[PDB]
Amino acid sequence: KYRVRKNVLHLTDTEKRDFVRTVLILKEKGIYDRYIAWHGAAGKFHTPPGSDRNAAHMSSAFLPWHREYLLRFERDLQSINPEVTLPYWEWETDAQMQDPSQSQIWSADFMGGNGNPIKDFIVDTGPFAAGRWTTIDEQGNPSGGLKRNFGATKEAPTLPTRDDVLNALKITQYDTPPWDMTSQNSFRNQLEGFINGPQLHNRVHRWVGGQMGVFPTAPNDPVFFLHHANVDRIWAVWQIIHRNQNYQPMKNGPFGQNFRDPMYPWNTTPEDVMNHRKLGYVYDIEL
């Protein structure tokens, strides 16, 4: 309840400077790379083998897995600078702008901006521009720079809307069998964005493009963490609203997806992270 995660648009100039500074230290120390790797590893861990479900997405663990991922990340930020917490990118409000690409999140003192089409969409502004920030491919090898290409896709020309968010929050069940990308009347599947997709979470990745447009390379872009903090906030809000609902499946789901199953690559279970307040943080909007 002490660590407050703030909306990016509410951050002071120094808060933004301190966050960026801290991420760059995590990168320099070699720590940031662990987060890129863990996310890639989980995505290749299929539950069960042969299924498209994996430890980190396309099934019920999507939400708790990322909650745990962000918790560890924030804890690493805190070790460097105890005043730094993980902010969230409220993309549904950016979606209301005439041009969401004019959002302050993409300023040169924060995330930096869109890709340069002359340079094949390499990002050349901000703290994470090519030449200031190195990237790796799916195999762990150097890839030579962060890329972004906002709204360039036929399937995701726009960010998800406030209405889209409110509509997901109306869903009563956390998830439903068969606990996959086809789950109907499922908050998890709705928020993940598969039904008539891409929507919500899947749509944001596709809208940003570049490394964010493909799962395994997505964390090369620091905005990955800001996006997932927003996803985590939306889940937190669903949890408050639907207080008598709990995680599903409680049992008999594939191993790695049940309430008390360890979430690869860690030993942490969904049960361990069900109460975000117990983990030591809250979102500003709760206060």
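Sequential numbering from 1, following the sequence displayed.
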| property | result |
| --- | --- |
| 261-269 versus 9-17 - greater average Cα B-factor per the deposited record | 9-17 |
| Mean Cα B-factor comparison, 223-231 or 42-50, giving the higher one as deposited | 42-50 |
| Candidate residues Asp99, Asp76, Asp175, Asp164, the one whose C-alpha B factor the record puts highest | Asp99 |
| Largest Cα B-factor, entry values, listed residues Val208, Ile136, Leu191, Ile80 | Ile80 |
| Relative C-alpha B-factor of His57, binned into the chain's lowest, middle or highest third | middle |
| Cα B factor band for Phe187 (lowest, middle or highest third within the chain) | lowest |
| Third of the chain's Cα B-factor distribution that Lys251 belongs to, per the entry | highest |
| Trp89 CA temperature factor, ranked by third within the chain | lowest |
| Lowest, middle or highest third - CA B-factor, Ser103 | highest |
